[PDB]
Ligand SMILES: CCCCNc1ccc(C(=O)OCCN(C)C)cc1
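Single chain ahead, by itself, as structure tokens, in the form deposited without ligand TE4.
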């Protein structure tokens, strides 16, 4: 279970983002460049109807491939339905829209084996305010792996 952005203005998360940091409940979800949930968000695209398209990069067949996940709005605020990366939900935890956004993905069937969270930033500075916000949010969650990236890796295909 989770603590979410219940006042989320979906339209204001539009545009460019970089993955600064990631955390997962299970080491195996992030423990290699090919791990199923090691994904790098490039862009969030709200639809006119309040759905969300997430553009990301993922090492696949020995290439940095572009993926688009379609996230459909639900009757619960800040919770979107997906069918991707063996996940079925996206939760937005916290954002100021202009600097940082924290979100998680999970399988509702097995959240403690599926839970992956990301710190997104608007610009490739090692955002210590963003990392601090992510730290505060992860305080609550049962995370056993935490990864961070340097400014340089944010602007690279699939973070080097």
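Numbering follows the first chain given and starts at 1. Take the two forms, find the largest set of C-alpha atoms that superpose within 1.5 Å, and that set is the rigid core. Only residues modelled in both forms are compared.
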Would you mind checking whether residue 50 is unresolved in the model of at least a third of the other PDB entries compared?
no
Residue 118 not built in a third or more of the other entries
no
Between 60-68 and 27-35, point out the one with the higher average CA B-factor as the PDB entry records it.
60-68
Check the entry's C-alpha temperature factors for 131-139 and 110-118, then say which stretch has the higher mean.
131-139
Out of 54, 101, 91, 126, highest CA B-factor residue
126
For residue 150, return the chain-relative third of its C-alpha B-factor as stated in the PDB record: lowest, middle or highest.
highest
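The form deposited with ligand TE4 bound is left out here; the points below concern that form.
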Residue 36 versus ligand TE4, in the deposited bound form: is there a non-hydrogen atom within 4.5 Å?
yes
Enumerate the residues of 78-106 that have a non-hydrogen atom within 4.5 Å of ligand TE4 in the deposited bound form, in sequence order, or give none.
82, 88, 90, 92, 101, 103, 105
Rigid core aligned, does the Cα position of residue 86 differ by 2 Å or more between the shown form and the other one?
yes
Once the rigid core is lined up, which stretches of 3 or more residues in a row have C-alphas that move 2 Å or more between the shown form and the other one?
83-87
